[PDB]
Amino acid sequence: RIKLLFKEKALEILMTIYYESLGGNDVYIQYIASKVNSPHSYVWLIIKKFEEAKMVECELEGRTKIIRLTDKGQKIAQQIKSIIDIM
């Protein structure tokens, strides 16, 4: 039913960032990869699309890519959470 309406891979990435940040973790690209069913390169591509859409920001801490939701990204994730709940 989720696949009905959503691009499942992009959704899983977004909600992973949401829940990880909500719990108080810095969100690392490596961690998102451990949680979703996508190769590192695909996660990277989707993150760049989210960044383009102004939903996330990226920064490098040494060799470590950290991803944070913008206010826009957060709002969207919260609304998707309610849809998933309703579904």
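Residues numbered from 1 in each chain as written, not as in the entry; some residues may be left out. Heavy atoms only, no water.

- Structure determination for the deposited model, as stated in its record, used X-ray crystallography, and the stated resolution is 1.85 Å.

- The title attached to this entry in the PDB is "Crystal structure of AF1382 from Archaeoglobus fulgidus".

### Structural notes on the packing of helix α2 (residues 8-22) against helix α4 (residues 40-52)
Inference 1: Taken N-terminus to C-terminus, the directions of α2 and α4 make an angle of 75 degrees; their axes are 10 Å apart at the nearest point. Taken as axis vectors, α2 and α4 run roughly perpendicular relative to one another. Where α2 approaches α4, its residues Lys9, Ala10, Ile13, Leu14 and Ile17 are matched on the opposing element by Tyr42, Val43, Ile46, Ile47 and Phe50.
Inference 2: Grouping the constituent residues of the contact of α2 with α4 by class yields 9 nonpolar, no polar and 1 charged. (Axes fitted to C-alpha atoms, helices over the stretch in contact; angles between N-to-C directions. Helix = DSSP H or I, 4+ residues; strand = E, 2+ residues; numbered from the N terminus. Parallel < 35°, antiparallel > 145°, perpendicular 65-115°, else oblique. Contact = heavy atoms within 4.5 Å. Nonpolar A, V, L, I, M, F, W, Y, C, P; charged D, E, K, R; others polar.)

### Things to note about the sheet that holds strand β2 (residues 56-61)
Hydrogen bonding along the main chain pairs the strands of a sheet, whether they run parallel or antiparallel.
Inference 1: Within the open sheet, the 3 strands sit side by side as β1-β3-β2. Their pairing is antiparallel. Looking at which strands have only one partner, the edges of the open sheet turn out to be β1 (27-28) and β2.
Inference 2: Summarising the sheet, β2 and strand β3 (residues 64-69) pair through 6 bridges and their orientation is antiparallel. When the bridges of β3 are listed, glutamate 59 appears paired with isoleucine 66.
Inference 3: Lying over the sheet, α2 contacts β1, β2 and β3, oriented at roughly 90 degrees with respect to β3.
Inference 4: Along the sheet, α4 contacts β2 and β3; its crossing angle with β2, the most-contacted strand, is approximately 125 degrees. (Pairing = 2+ DSSP bridges.)

### Quick look at the side chain of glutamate 20
Inference 1: Tracing the backbone through its elements, the reader meets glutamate 20 in helix α2.
Inference 2: For the buried residue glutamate 20, which engages in no salt bridge, the nearest side chain bearing the opposite charge is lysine 35, 7.6 Å off.
Inference 3: In this structure the side chain of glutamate 20 is engaged in a polar contact, spanning 3.3 Å, whose partner is the side chain of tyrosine 31.
Inference 4: The contact partners of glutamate 20, leaving out residues within four places of it in the chain, are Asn25, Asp26, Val27 and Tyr31. (Buried < 20%, exposed > 50% of the residue type's maximum accessible area, 1.4 Å probe, protein only. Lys, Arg positive; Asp, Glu negative; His and termini not counted. Salt bridge = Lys/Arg side-chain N within 4 Å of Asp/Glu carboxyl O. Polar contact = N/O pair within 3.5 Å; in protein donor to acceptor, adjacent residues only side chain to side chain.)

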